[PDB]
Ligand SMILES: *[C@@H]1O[C@H](CO)[C@@H](O[C@@H]2O[C@H](CO)[C@@H](O[C@@H]3O[C@H](CO[C@H]4O[C@H](CO[C@H]5O[C@H](CO)[C@@H](O)[C@H](O)[C@@H]5O)[C@@H](O)[C@H](O[C@H]5O[C@H](CO)[C@@H](O)[C@H](O)[C@@H]5O[C@H]5O[C@H](CO)[C@@H](O)[C@H](O)[C@@H]5O)[C@@H]4O)[C@@H](O)[C@H](O[C@H]4O[C@H](CO)[C@@H](O)[C@H](O)[C@@H]4O)[C@@H]3O)[C@H](O)[C@H]2NC(C)=O)[C@H](O)[C@H]1NC(C)=O
Ligand SMILES: *[C@@H]1O[C@H](CO)[C@@H](O[C@@H]2O[C@H](CO)[C@@H](O[C@@H]3O[C@H](CO[C@H]4O[C@H](CO)[C@@H](O)[C@H](O)[C@@H]4O)[C@@H](O)[C@H](O[C@H]4O[C@H](CO)[C@@H](O)[C@H](O)[C@@H]4O[C@@H]4O[C@H](CO)[C@@H](O)[C@H](O)[C@H]4NC(C)=O)[C@@H]3O)[C@H](O)[C@H]2NC(C)=O)[C@H](O)[C@H]1NC(C)=O
Ligand SMILES: *[C@@H]1O[C@H](CO)[C@@H](O[C@@H]2O[C@H](CO)[C@@H](O[C@@H]3O[C@H](CO[C@H]4O[C@H](CO)[C@@H](O)[C@H](O[C@H]5O[C@H](CO)[C@@H](O)[C@H](O)[C@@H]5O)[C@@H]4O)[C@@H](O)[C@H](O[C@H]4O[C@H](CO)[C@@H](O)[C@H](O)[C@@H]4O)[C@@H]3O)[C@H](O)[C@H]2NC(C)=O)[C@H](O)[C@H]1NC(C)=O
Ligand SMILES: *[C@@H]1O[C@H](CO)[C@@H](O[C@@H]2O[C@H](CO)[C@@H](O[C@@H]3O[C@H](CO[C@H]4O[C@H](CO)[C@@H](O)[C@H](O)[C@@H]4O)[C@@H](O)[C@H](O)[C@@H]3O)[C@H](O)[C@H]2NC(C)=O)[C@H](O)[C@H]1NC(C)=O
Ligand SMILES: *[C@@H]1O[C@H](CO)[C@@H](O[C@@H]2O[C@H](CO)[C@@H](O[C@@H]3O[C@H](CO)[C@@H](O)[C@H](O)[C@@H]3O)[C@H](O)[C@H]2NC(C)=O)[C@H](O)[C@H]1NC(C)=O
Ligand SMILES: *[C@@H]1O[C@H](CO)[C@@H](O[C@@H]2O[C@H](CO)[C@@H](O[C@@H]3O[C@H](CO)[C@@H](O)[C@H](O)[C@@H]3O)[C@H](O)[C@H]2NC(C)=O)[C@H](O)[C@H]1NC(C)=O
Ligand SMILES: *[C@@H]1O[C@H](CO)[C@@H](O[C@@H]2O[C@H](CO)[C@@H](O)[C@H](O)[C@H]2NC(C)=O)[C@H](O)[C@H]1NC(C)=O
Ligand SMILES: *[C@@H]1O[C@H](CO)[C@@H](O)[C@H](O)[C@H]1NC(C)=O
Ligand SMILES: *[C@@H]1O[C@H](CO)[C@@H](O)[C@H](O)[C@H]1NC(C)=O
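Residue numbers (the working numbering), protein chains in the order written: chain A, 31 to 350; chain B, 26 to 123; chain C, 0 to 345; chain D, 727 to 792.
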C-alpha cells in the first residue's frame with residue numbers, strides 16, 4: 031500500500047523549519063522505537079547454576095506453553111546402551127534441560143524490551159494515549175538528568191530499597207510463560223517438586239490423586255534388543271512417565287487436593303541490580319548529538335548479539 | 026505583474042498505446058486456499074458481484090490491433106489456466122478392484 | 000512497434016504508436032499474498048483487491064498492481080523521478096468485459112484494458128502566471144488605457160536563468176499537458192528582443208482600480224491622486240499603519256520571515272505613442288492596435304494620418320470641432336489654444 | 727536527475743502563526759498563513775479498533791484503512 035503511493039508522488043519544498051529540530055518529533059520518535067526497552071547490570075557476573083530444572087507447576091503436553099521448548103520427552107524406543115548422562119548431563123528425563131547458551135560465565139548485563147513486568151499502574155484496559163502519558167510521567171519522576179532509574183523503581187527482589195514504583199515482582203507461574211526472563215533475572219532458584227525422594231521425603235512419611243507423589247523411582251535404567259543393537263530397542267526409564275495425567279503438578283499448585291510438595295531455595299545473585307532506560311537516554315542524547323545519530327547508535331546496541339531484541343516476540347525478548 | 030502556478034507543466038514528445046487482457050478463474054484460487062464447497066459458493070458470489078457492476082456501466086470500443094485468439098501467449102496461457110494438471114490413464118485391458 | 004523500447008527512436012514524430020502484441024496476465028499469478036492465505040481470510044483479501052481495481056477504472060486511472068515496475072522502467076529507460084510523472088498522468092479505457100464460464104461453484108471472466116502513456120520531452124516545475132496591468136494616458140482630453148501584447152503566458156525560473164514560455168493545445172490530467180511549448184524573448188526596441196503590438200482603448204473618468212495582493216501590499220492604478228500615490232502610472236503600495244485610501248481600508252501587513260526568492264525581474268522599456276492617441280481610440284469605440292515596441296517614428300505616424308485628416312471642419316458642428324482643435328493644440332502652442340477656445344465660446 | 731518543486735515556496739517570504747486560534751484575528755488580510763509547528767501523529771495511537779482485535783482480523787482491518 032505504501033509503495034504504490036510513493037510511486038506516483040514527486041517531492042515538494044514546504045517553507046517551515048526541519049521536523050528534526052522540533053521537541054514533539056524527537057519525543058514521539060524515541061517512544062515509538064524504545065518505550066519499553068531496559069538494560070540491567072548484575073553486581074558481578076554469576077550464571078544460573080544447574081543444567082536441570084524441576085518445575086512441576088507448569089502443565090505438560092498431552093494452550094501451548096513457552097517452557098515446552100526445554101522439555102525432555104521420555105521415549106519408549108532408544109538405541110543400545112543409551113543413558114541420559116551421555117546427552118542431557120544430570121537432568122531428570124521428563125523434566126526440563128537449560129542449554130549452555132542461557133548459562134554463559136562472562137555475561138554481565140541483561141537487555142530486554144517488553145511491557146509484561148510493569149506493576150499495577152499499567153493496564154491494557156486503559157487507552158494507548160493514557161498508557162503513554164502514565165509511563166512518560168513515571169520515567170520523568172524516577173530519573174534526574176541521566177538515564178539510570180532510582181532504586182525505588184525496582185521490585186524488592188532486585189534491591190533492598192525497591193518499592194515496585196515501575197516493575198512488579200516475578201512469581202512462581204512466570205517460568206512457564208517467560209522462561210529466559212526468570213533464568214537471566216531471578217536472584218535465587220526455588221524448586222517445586224512432587225518427586226518421591228526430594229528433601230528425604232519417603233513414601234511412608236506422609237503425616238482421585240489425593241496424598242501421592244507424581245513420579246516414583248524405579249530400580250535402574252536399562253535397554254534390551256533382539257540381535258539389532260543399533261536403531262530400535264525398548265528403553266526402561268529410572269522414573270515414571272506423566273503422559274496419562276499431565277495436569278498433576280499444575281492442579282496440585284492451585285490446591286484442588288492436598289499433596290507432599292517440596293520447595294528448596296538456592297542463592298544465585300546479590301540483590302544490588304542497576305537499571306538504565308533506553309527511552310530516557312534517546313531523549314537526553316538527542317538534545318546534544320541530534321536524533322539521526324542517536325537513533326542509529328542505539329538501534330545497533332539492540333543488535334549487539336546478532337538478532338535485534340525489539341523484533342523478538344514480546345514474552346521471549348530477554349538477552350544476556 | 027505575476028502570481029504562482031504551483032501545478033507542473035509537461036511537454037508531450039509522443040504517446041505509447043498498450044492492450045492488457047486480465048483473466049480471472051475462481052477454481053485456481055479455491056485450490057490453493059484449500060476452500061470447502063460452502064466457501065466456494067461465497068468466493069463465486071463475491072467475484073460475480075464485483076465483475077458484473079463494472080460490466081454494467083462500460084460500453085464496448087473497437088481497438089485497431091489483431092485478434093488475441095491468433096496470438097501464441099493467449100493460446101498458451103488459456104490452455105494452462107484450464108488443463109494444466111489434467112491427465113488421462115489407459116489400462117492394458119479393463120480389470121476392476123476385486 | 001515490435002517492442003516498448005522502440006518508442007525512444009530519435010527519428011519518430013509526435014503521434015500515437017501502439018505495441019503490436021497484447022499483454023496476457025492471470026490474477027492468480029499476480030496476487031502472491033492470497034496463495035499462502037486460507038479459508039475466508041483468502042476470500043476477503045481478494046474482495047478488497049477487486050473492489051480497488053473497480054474504483055480506479057471508474058476514474059479512468061491505471062491500477063499498477065497487474066504490471067511489473069522493473070520491467071516497464073527497464074523498457075522505457077527512464078529515471079526514478081520521470082517514472083513518477085509518467086505513472087501519475089497515464090489514463091485507462093475498459094474496451095470489453097466477458098464472463099467465460101458460470102457454474103454455481105465456479106466462474107471465469109476476461110477484461111480488455113487499453114492504456115495511453117504520455118512520454119514527456121521536458122518537465123517545468125517553478126512557474127509564474129502573467130497578469131497584464133498596463134498604463135493610463137490622458138490625450139487631447141480623452142483618458143485611454145494602453146497595454147502591451149506579450150508573446151508568452153508563463154515565466155519559468157529553475158535556478159538562475161529566467162525563461163519565457165508560449166504554450167499551445169493544453170489539457171489537464173492532474174498536471175497541465177501541452178502539445179507545443181515555444182521559448183520566446185521579452186518585448187523591446189532592439190534586434191535581440193521581440194517587436195510586440197501595443198493596444199489602446201478609451202475608458203470613463205474617473206478610473207480607479209485597487210487589487211489586494213496576498214503578501215499584504217496593494218496594486219493601484221487610478222486617474223486621480225490619494226495618500227501621496229502618483230496618478231496614471233501603476234504601483235505596488237505598502238503602509239506602516241491602517242488608513243483609508245480610494246474609499247477603502249489599506250491595512251498594515253503581518254511581519255514575515257525571509258526565504259530564498261524565485262521572483263522574475265523583466266527588462267525596462269521606453270515606449271513612444273502617437274500625439275493624438277486619445278482621438279484615435281475614441282472614434283473606433285473598440286480596443287485598437289496603435290504601434291509596435293520597436294517601430295520607427297515615420298511608420299508610427301503614417302498609420303492614422305489619412306483617417307485623422309478626414310475628420311475635417313463641417314457646417315453642422317464648427318463649435319464642437321474648434322474645441323477639439325484647441326485640446327489637440329494646447330501642449331504644442333498654448334497661445335493659439337487660448338485663442339481657438341475663445342472663438343469656440345463666441 | 728532528481729525532481730523537487732518550489733511551487734509552494736516561490737515568493738521568498740512566509741507569514742506564520744503560533745496557534746490555529748490566531749487565524750480569526752480581525753486585523754489580518756486575505757492571504758496564506760502557515761501554523762509554525764508540525765502536527766506529529768502515530769497510526770497505532772489513532773486506530774483504537776485494531777488494538778483490541780487479534781490475528782488476521784487485525785491485519786485485514788488495517789488493510790481496509792490504508
Ligand atoms: C509583495 O511582493 C512584491 C513583489 O511582487 C514586493 O515588491 C518587490 O520588493 C522587492 C524587495 O524585496 C523589490 O526589489 C528591490 O528592488 C530595488 C530596486 O531595483 C531597481 O533599481 C536598482 C538600482 O538602480 C539604480 O542604481 C543602479 C546602480 O546600482 C543603476 O544602474 C540604476 O540606473 C539606478 O540608478 C537596480 O539594480 C534594479 O535592476 C534590476 O531589476 C530591473 C527590473 O526591475 C532589471 O531591468 C535590471 O536588469 C536588474 O535586474 C537584474 O540584475 C540584478 C542585479 O543588478 C539582479 O538582482 C536581477 O536578478 C537581474 O538579473 C532595479 O532597476 C533594489 O534596489 C533592491 O535591492 C535590495 O536587494 C539586493 C539583493 O537582492 C541588495 O544588494 C540591495 O542592497 C537591496 O537591499 C531590491 O532588489 C522589488 O522591486 C519589488 N517588486 C515589484 C514588482 O515592485 C513587495 O515588497 C511585497 N510586499 C510585502 C508586504 O511583502
Ligand atoms: C523466581 O523468584 C520468585 C521470587 O520473586 C519466586 O517466587 C516465589 O517462590 C517462592 C517459593 O515457591 C514462594 O514462597 C513460598 O510461598 C509458599 C506459600 O506462601 C503462603 O504460606 C505462607 C506460610 O506457609 C505465608 O507466609 C504466605 O503469606 C502465603 O500465604 C510457602 O508455603 C513457602 O514456604 C515454605 O517454603 C520455604 C522455602 O524456603 C520455607 O522457608 C518455609 O519454611 C516453608 O516451609 C517449607 O515447605 C515446603 C513445602 O511447602 C517444604 O519442602 C520445606 O521442607 C519446608 N521448610 C521448612 C523449613 O519447614 C514459600 O514461602 C513465593 O511466594 C514466590 N514469590 C512470589 C512473589 O510469588 C520464583 O519461584 C522463582 N522462580 C524460579 C523458577 O526460581
Ligand atoms: C524605437 O527606437 C527608435 C530608435 O531610437 C525610435 O526612433 C527614433 O526616435 C528618435 C527620438 O524621437 C529620433 O531622434 C531624432 O533624430 C533626428 C535625426 O534623424 C535622422 O538621422 C538619424 C541618424 O541615425 C536617422 O536614423 C534618421 O533616419 C530616419 O528618418 C528618416 C527621415 O524620416 C527616414 O527616411 C529613415 O528611414 C529613418 O526612419 C534621420 O535620417 C534628429 O533631428 C532629432 O533631433 C531632435 O532631438 C534631439 C535630442 O532631444 C535634439 O538635440 C535636437 O535639437 C532635436 O530636437 C532626434 O534626435 C529618431 O529619428 C528615430 N529614429 C527612427 C529610425 O525613426 C522609436 O521612436 C522607438 N519606437 C518606440 C515605439 O518607442
Ligand atoms: C519602507 O522602506 C523602508 C526603507 O527605506 C523600510 O525601512 C527598513 O525596514 C527594515 C525592517 O526590517 C528595517 O530593519 C530593522 O532594523 C532595526 C535596526 O536598524 C539598524 O539595522 C538595520 C539592519 O537590521 C539597518 O538597515 C539600519 O540602517 C540600522 O543600522 C532592527 O531593530 C529591526 O529588527 C529591523 O532589522 C530597516 O532598518 C529599515 N531601513 C531604513 C533605511 O529605514 C520600511 O520598513 C518600509 N516601510 C513599509 C511601510 O513597508
Ligand atoms: C493447504 O493444505 C495443504 C495440505 O495440508 C497444506 O500443505 C501442507 O503444508 C504444511 C505446512 O507448510 C506442510 O507441513 C510441513 O512439511 C514440511 C516438509 O515435509 C516439514 O518439514 C514440516 O515439519 C511440516 O510437516 C505439509 O508438508 C503440507 N502438506 C502435506 C500433505 O505434506 C498447505 O499449506 C495449505 N495451504 C494454505 C494454508 O494456503
Ligand atoms: C493478547 O494476549 C494477551 C495474553 O493472553 C491477552 O491478555 C489477557 O486478556 C484476558 C481477557 O481480557 C485477561 O483475562 C481476564 O483477566 C481479568 C483480570 O485479571 C479477569 O477478571 C478475568 O477473569 C480474565 O482472567 C488476561 O488477564 C490477560 N492476560 C494475562 C496474561 O493475564 C490480550 O487480551 C490479547 N490481546 C488481544 C485479544 O487483542
Ligand atoms: C545484526 O547483526 C548481524 C551480525 O553482525 C548482522 O548480520 C550480517 O548481515 C549482513 C546483511 O547484509 C550480512 O552481509 C552479513 O554476512 C551478516 N553477518 C552475519 C554473521 O550473519 C545483521 O545484518 C544485523 N541486523 C541489523 C538489522 O542491523
Ligand atoms: C571469559 O572471560 C575469561 C576471563 O577474562 C576468559 O579467560 C575467557 O576466555 C572468556 N570466555 C569464556 C568462554 O570463558
Ligand atoms: C537429608 O537431608 C539433608 C539436608 O541437609 C541432607 O544433608 C542429607 O544428605 C539427607 N539424607 C538422606 C539420607 O537423604
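The C-beta atom is built at its ideal place from N, Cα and C for all residues, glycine as well.
Can you grab the Cα-Cα spacing for the pair residue 136 of chain A / residue 301 of chain A, in whole Å?
Residue mapping note: residue 136 of chain A aligns to position 106 of the first chain, counting from 1. Residue mapping note: residue 301 of chain A aligns to position 271 of the first chain, counting from 1. Roughly 19 Å separates the two Cα atoms.
The region 46 to 62 of chain C touching the region 84 to 94 of chain C, judged by at least three CB pairs closer than 8 Å
yes
If we count Cβ pairs, one from each stretch, closer than 8 Å, do we get three or more for the region 239 to 251 of chain C versus the region 205 to 219 of chain C?
yes
Can you name, in chain order, every residue of its own chain whose Cβ lies under 7 Å from the Cβ of residue 232 of chain C, other than the five neighbours on each side?
Stepping through the third chain from its first residue, residue 232 of chain C is reached at position 233. Within the same chain, residue 232 of chain C has close Cβ partners 134.
Closest residue to residue 279 of chain A among A:321, A:170 and A:225 (Cα-Cα distance)
On the first chain, residue 279 of chain A is found 249 positions in, with the first residue counted as 1. Taking only the C-alpha atoms, the option nearest residue 279 of chain A is A:225.
Is residue 162 of chain C close to ligand 3? I mean its beta-carbon at under 7 Å from any heavy atom of the ligand.
Residue numbering aside, residue 162 of chain C sits at position 163 when the third chain is read from its first letter. Every heavy atom of ligand 3 is 7 Å or more from the Cβ of residue 162 of chain C, so no.
What span of residues does the beta strand (DSSP E) with residue 733 of chain D cover, start to end?
Locating residue 733 of chain D in the fourth chain gives position 7, counting from the first residue. Neither: residue 733 of chain D is in no beta strand (DSSP E) and is coded neither H nor E.
Could you check what DSSP says for residue 52 of chain A in three-state terms: helix, strand or coil?
As a working note, residue 52 of chain A is residue 22 in the first chain. Coil, per DSSP.
By a C-beta neighbour count over all protein chains shown, 10 Å radius and 16 as the cutoff for buried, is residue 134 of chain A buried or exposed?
Position 104 of the first chain, counted from the start, is the residue given in the question as residue 134 of chain A. Exposed, since its Cβ has fewer than 16 Cβ neighbours within 10 Å.
Helix, strand or coil at residue 763 of chain D [DSSP, three-state]:
As a working note, residue 763 of chain D is residue 37 in the fourth chain. In this structure, residue 763 of chain D counts as coil in the three-state DSSP scheme.
Among all residues, which have a Cβ less than 5 Å from at least one non-hydrogen atom of ligand 5, and in what chain order do they fall?
B:59 and C:37
Cβ of residue 86 of chain B within 8 Å of any chain C Cβ
Residue mapping note: residue 86 of chain B aligns to position 61 of the second chain, counting from 1. Answer yes: the Cβ-Cβ gap between residue 86 of chain B and chain C drops below 8 Å somewhere.
For the region 76 to 157 of chain C, which segments carrying the beta strand (DSSP E) assignment without a break, of at least 3 residues, lie completely within its bounds, in sequence order?
90 to 101, 106 to 123, 126 to 129, 134 to 138, 141 to 147 and 153 to 156
Tell me whether residue 736 of chain D, by its Cβ, gets closer than 7 Å to a heavy atom of ligand 1.
Reading the fourth chain from its first residue, position 10 is the one you call residue 736 of chain D. Checking the Cβ of residue 736 of chain D against ligand 1 gives no.
What is the C-beta distance between residue 65 of chain C and residue 77 of chain B, in whole angstroms, given that I count them as a contact (C-beta under 8 Å)?
Within the third chain, numbered from 1, the residue matching residue 65 of chain C stands at position 66. Within the second chain, numbered from 1, the residue matching residue 77 of chain B stands at position 52. The pair is not a contact, with the Cβ atoms about 20 Å apart (cut-off 8 Å).
Please work out which residues of its chain come closer than 8 Å, Cβ to Cβ, to residue 202 of chain C, disregarding the five sequence neighbours upstream and downstream, and give them in chain order.
To locate residue 202 of chain C, count along the third chain from 1; it is residue 203. Here the set comprises 135, 142, 143 and 144.
Can you confirm whether residue 733 of chain D, when its beta carbon is compared against all beta carbons of chain B, has any partner nearer than 8 Å?
Taking the first residue of the fourth chain as position 1, residue 733 of chain D is located at position 7. By this cut-off, residue 733 of chain D is an interface position.
Report yes if the CB atom of residue 305 of chain C is closer than 8 Å to the CB atom of residue 741 of chain D, and no otherwise.
Within the third chain, numbered from 1, the residue matching residue 305 of chain C stands at position 306. Within the fourth chain, numbered from 1, the residue matching residue 741 of chain D stands at position 15. Not in contact: residue 305 of chain C and residue 741 of chain D (Cβ atoms no closer than 8 Å).
Is the beta carbon of residue 348 of chain C sitting closer than 8 Å to the one on residue 129 of chain C?
Outside the displayed range of chain C (0 to 345) lies residue 348 of chain C, so it cannot be described from this structure.
For residue 238 of chain C versus residue 228 of chain C, is the C-beta spacing smaller than 8 Å?
Counting from 1 along the third chain, the entry for residue 238 of chain C is found at position 239. Counting from 1 along the third chain, the entry for residue 228 of chain C is found at position 229. Taking 8 Å as the Cβ cut-off, residue 238 of chain C and residue 228 of chain C do not qualify as a contacting pair.
Residues that DSSP places opposite residue 115 of chain A in a beta bridge:
For the purposes of this step, residue 115 of chain A is taken as the residue at position 85 of the first chain. Note: residue 115 of chain A sits in no beta bridge, so no partner.
Among the residues of its own chain, which have a CB less than 7 Å from the CB of residue 108 of chain A, if the five just before and after it don't count?
Taking the first chain and counting its residues from 1, one reaches residue 108 of chain A at position 78. Counting only Cβ-Cβ distances below 7 Å, and skipping sequence neighbours, we find 253, 263 and 265.
With a threshold of 8 Å between beta-carbons, can residue 47 of chain C be considered close to chain D, or not?
As a first step, residue 47 of chain C is located in the third chain; it is residue number 48 there, counting from the start. For residue 47 of chain C, the answer is yes, since a Cβ of chain D falls inside 8 Å of its Cβ.
Rounded to the nearest angstrom, what separates residue 57 of chain A and residue 177 of chain A at their Cα positions?
Here residue 57 of chain A is taken as the residue at index 27 of the first chain, counted from 1. Here residue 177 of chain A is taken as the residue at index 147 of the first chain, counted from 1. Looking at the two C-alpha atoms, the distance is approximately 15 Å.
Residue 213 of chain A and residue 128 of chain A: beta carbons closer than 8 Å?
Position 183 of the first chain, counting from 1, holds the residue named residue 213 of chain A. Position 98 of the first chain, counting from 1, holds the residue named residue 128 of chain A. Their beta carbons are under 8 Å apart, which means residue 213 of chain A touches residue 128 of chain A by this criterion.
Expressed to the nearest angstrom, what Euclidean distance is found between the alpha-carbon atoms of residue 64 of chain A and residue 349 of chain A?
On the first chain, residue 64 of chain A is found 34 positions in, with the first residue counted as 1. On the first chain, residue 349 of chain A is found 319 positions in, with the first residue counted as 1. So the two alpha carbons sit approximately 16 Å from each other.
For residue 41 of chain C, I'd like the list of residues in its chain whose CB is within less than 7 Å of its CB, leaving aside the five on either flank, ordered along the chain.
The residue labelled residue 41 of chain C in the question sits at position 42 within the third chain. The residues are 33.
Closer than 7 Å by beta-carbon distance: list the chain G residues that pair up with residue 57 of chain B, in chain order.
This model lacks chain G altogether; the protein chains it does include are A, B, C and D.
Alpha carbon to alpha carbon, how far is residue 735 of chain D from residue 334 of chain C? Give it in angstroms, no decimals.
Start at 1 with the first residue of the third chain, and residue 334 of chain C comes out as number 335. Start at 1 with the first residue of the fourth chain, and residue 735 of chain D comes out as number 9. If you take the alpha carbons of residue 334 of chain C and residue 735 of chain D, they lie about 59 Å apart.
For residue 317 of chain A, three-class secondary structure by DSSP
Within the first chain, residue 317 of chain A is the residue found at index 287, counting from 1. In this structure, residue 317 of chain A counts as helix in the three-state DSSP scheme.
In the region 229 to 261 of chain C, which residues sit with their C-beta less than 7 Å from some C-beta in chain A, listed in chain order?
258
How about residue 215 of chain C: is its Cβ closer than 7 Å to a heavy atom in ligand 1?
Against the third chain, residue 215 of chain C aligns to sequence position 216. It does: the Cβ of residue 215 of chain C is within 7 Å (strictly closer) of some heavy atom of ligand 1.
Should residue 106 of chain B and residue 48 of chain B be called a contact, given that it needs their Cβ atoms to be closer than 8 Å?
Indexing the second chain from 1 puts residue 106 of chain B at position 81. Indexing the second chain from 1 puts residue 48 of chain B at position 23. Yes, these two residues count as a Cβ contact at 8 Å.
Do residue 56 of chain C and residue 79 of chain B have their C-beta atoms within less than 8 Å of each other?
Taking the first residue of the third chain as position 1, residue 56 of chain C is located at position 57. Taking the first residue of the second chain as position 1, residue 79 of chain B is located at position 54. Closer than 8 Å, so yes.
Thinking C-alpha only, which one of A:152, A:290 and A:185 is nearest residue 235 of chain A?
As a position in the first chain, residue 235 of chain A is number 205, starting the count at 1. Looking at the Cα atoms, A:290 is the closest of the given residues.
Does any residue of chain A bring its CB to less than 8 Å from the CB of residue 740 of chain D?
The sequence position of residue 740 of chain D within the fourth chain is 14, counting from 1. Interface residue, yes.
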